[PDB]
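Letters A, B, C and D name the chains as they come in the text, with residue numbers starting at 1 for each one.
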Amino acid sequence: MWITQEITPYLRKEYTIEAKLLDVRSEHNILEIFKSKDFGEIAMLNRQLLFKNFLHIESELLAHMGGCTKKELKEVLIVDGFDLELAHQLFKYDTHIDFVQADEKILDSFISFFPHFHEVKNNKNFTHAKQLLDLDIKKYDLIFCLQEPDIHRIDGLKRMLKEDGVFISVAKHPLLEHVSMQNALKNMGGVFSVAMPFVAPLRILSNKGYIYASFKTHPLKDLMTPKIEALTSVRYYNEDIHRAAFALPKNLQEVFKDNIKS
Amino acid sequence: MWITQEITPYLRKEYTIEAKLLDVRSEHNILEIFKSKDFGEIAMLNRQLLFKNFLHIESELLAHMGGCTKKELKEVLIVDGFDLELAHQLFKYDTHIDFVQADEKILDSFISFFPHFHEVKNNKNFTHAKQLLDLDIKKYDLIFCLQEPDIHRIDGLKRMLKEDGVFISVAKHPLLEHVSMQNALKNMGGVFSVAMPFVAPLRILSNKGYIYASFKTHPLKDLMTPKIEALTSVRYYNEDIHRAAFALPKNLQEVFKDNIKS
Amino acid sequence: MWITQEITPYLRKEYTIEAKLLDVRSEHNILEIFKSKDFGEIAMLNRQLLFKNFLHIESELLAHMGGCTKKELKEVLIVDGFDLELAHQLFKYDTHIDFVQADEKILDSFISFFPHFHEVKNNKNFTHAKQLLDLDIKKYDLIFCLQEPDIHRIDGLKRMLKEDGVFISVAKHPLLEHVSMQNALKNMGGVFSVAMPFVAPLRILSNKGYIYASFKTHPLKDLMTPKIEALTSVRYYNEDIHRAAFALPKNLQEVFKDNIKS
Amino acid sequence: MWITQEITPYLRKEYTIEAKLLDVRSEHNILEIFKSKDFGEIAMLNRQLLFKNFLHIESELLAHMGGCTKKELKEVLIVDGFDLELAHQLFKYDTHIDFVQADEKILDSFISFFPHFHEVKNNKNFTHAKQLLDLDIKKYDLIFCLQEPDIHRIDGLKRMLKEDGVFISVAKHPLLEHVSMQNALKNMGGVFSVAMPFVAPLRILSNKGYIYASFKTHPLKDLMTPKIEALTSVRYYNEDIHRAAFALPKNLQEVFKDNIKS
């Protein structure tokens, strides 16, 4: 048996799977978990794949890129996603996390997919809310957007940010789809003094990119090695990966030159 | 119309193709070239894909990682492959290049696929040999193996090296095939004082890895930035990409610790 | 390389092809010819396949099912199709043929696909017209509809029919899609006293069916063996295939019972 | 989710599947059962597909072509297969059935797939043997080979036949694999006075053919319509389907002329 994902209008991927473990459709989302001989378990969340085998990669990368570049981490915000592993890694810091996901049904259906599901859901500092209006208002130190946000989502989130604030969001892969990344950066630049694209080194499995945005916090210059070396039980993240994540070939640097708010 | 690419026994890539441009076949190799509306022409060599519009990435990376890490390039050896674009990039240096490939028929089949085909083959300093035995006896400043060599091939090429020479070869990607990479490193660690794995940053479309091995030349410590900046016409290679290529996830740095040599 | 056709929302077919020989899109149709090791050449005409290898099967079947059941064959009409092979088989009778196809571009693009292209286009009795209004008006002895016609197309064609008239049209396969065939028959029954479904015995390659409609001509009882045995250069059609074409399993006979105007 | 079926080295069928229901495996066979939203459950036995909702077609056809062409059914032999639905249909007659299949594990694996599983296995007159040698010595009125037998297997079963017995076996479809069918006929023509090929009408989803061979019983001339009409609970088999199964295209009647025996 096999399943397929379109990573491009001219490129698909075929995955051999040994079984279908779960299926839960919602009035807004559809999730399906498959058993994989390669990735252990593959979760298909609305035309996007998640490999149980490599949940530590993106979770460790985003969480610690934020954590190790911020002097103070007390309030975090995570919108537009179901990734509780990000949360598990962020808790390796002394911080509070506000998770906003309206789709409980889908979210709870990850009960076995995410290794640290319970450890995250039962954290005293972890508060899960259906929507934004369900949270005490305040300004955060780090905001995460799990789906490429638009100009509005960007603005709405930028005001909920502290002067010191940092915003890490998702976009397409800078090489495969430089035009998408270019647009994602332009949007980010409109309100942030620091807008820089990066990727997950060695994570050769997804057409995905990311942007590190802020008002006055540089992702390379404000990296604090001591916070890095102090982290425990990390299997992917380190300083080499962090810096390498921002490497760009010659041409691409030229292409994103003025959209890159370094 | 589509073609496929087996990155793994449980994972495939599918490229929409507009036409088949060539179908050549020898006693040892078969080569097909297709037209894609996005990746330009795609060449399928023994189920290994080559992209015309992106040939420069791997050629510049491999050639210049060598050229910018060595004082002078006088004698270079290329074996087990058909990559004329690598020699083209190497000809930026005033060096001689010995190119061994018994399959003339397939090699010349690249007359249109390689944009610098004729320029490379007409170089006074380019020697195409059917086999290593037809070559003059001598040592090389740098040797390139375009296929994963077994420990016996390594032993053989190893001795055709100058004391300060560099041996660069291909291996499997360390993310999806760490066990393979590991073995590729121990086989190198056997006769070389330096043996470090690296990948091609931003190249998400390939399940391929490489090793920089030598007797004492260091891929990072012997890096000559002046040589890197002199390369004004390259489109991919730069210092950031050079260093970034050696970055390893924390767990891979650890599993590879024993075989890696700096 | 390969191509794919959806024969069902839950069933597709994958065809290995060695090359793409032709591509001509029209302001109404799209045609693509592929070279096949199995079928010689595959023509993809707007989501439907044609196998050069087996053009004699359907052409011989429809042409002679009409021809050998009609006492007199002098005027024939063919609408909604590009199949000139039907025409080649019908000319094995002393009859005139009116081919109505507005898309000359696509039609002419079959120049090499249809074995008897020129022999049919240059027949003195073959008149090709862009539309119906481009033909002398008259009543025909046999009408062929190459695409499942609707209630209107059915009526419009039924009046252009002689008292003795016969109408052979296309529909889905009676077993795989009994609901479609059921509808096709109901429509036909509304105006014809004789409506009977049939298939191409042994032509296990398509989700296709056909209906033999008329006012007073039975496809099994009015079959004239002498006209059959008199036909020359036929490789598929004979009396066994003709009668077998109307065989229906027990259940299906019950399903189509009152829609079958035998 | 999809699975595939290789009807030809250049042709494949792809079925959308909702779930995998079983994965059994023995020393000689592997069996997987899937749930399809249309064909009910699909069983994949050594890359040969079986459809639960349509098992009756082949079982009724094979059993009753024999039963309605013989005076009395007292001893029947089934070999080289797992088709219990064939025996079920044969039990409409008061006959004994010897069923040989060394792979008990896989056979019993059909406990839910075959709707009449238990009824067939609990029949006092059904004997399941691991091999032909564990059986009592005797002659059969009818023998069924569920796999294409080579000329050696034929020779062997041939002798376990009553003088007026019938040997029915599987072969390749004569439309796509005429050469194969041809050979299957000459091998039968070798020891049998009657040898005629036939297919399963309206069964477009299978690349399978069959042969009715005997010493003198004729599949059409010895057909007993009374026996056919007595079968009021069958859903497919009837006289029209019986005769229609032997119909051959004009060119196949000719190429097969020498090996076919009536």
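Criterion: a residue touches a chain if its C-beta (ideal position, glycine included) is under 8 Å from a C-beta of that chain, and two chains touch if they have at least 3 such contacts.
Listed by chain with UniProt protein names: A, B, C, D = Polyamine aminopropyltransferase.
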Discussion item. Report the inter-centroid distance (CA atoms only) between subunit A and subunit C in whole Å.
Written reply: 57
Response to the item:
When centres are defined as mean Cα positions, the distance from subunit A to subunit B in whole Å is 33
Worksheet item: Hey, what residues on subunit A touch two or more of the other chains?
Response: 4, 17
Practice prompt. Classify the chain contact graph as line, ring, star, complete or other.
Written response: ring
Practice prompt. Check the chains against each other and report every pair that touches.
Written response: A-B, A-D, B-C, C-D
Practice prompt. Provide the residue numbers of subunit C that touch subunit B in the complex, in ascending order.
Written response: 1-4, 17-20, 34
Item to complete: Going by the contact rule at the top, pick out the subunit C residues touching subunit D in the complex.
Response: 4, 8-17, 36-38, 57, 173-176, 199, 201-207, 234-238, 240-241, 243-244, 247-253
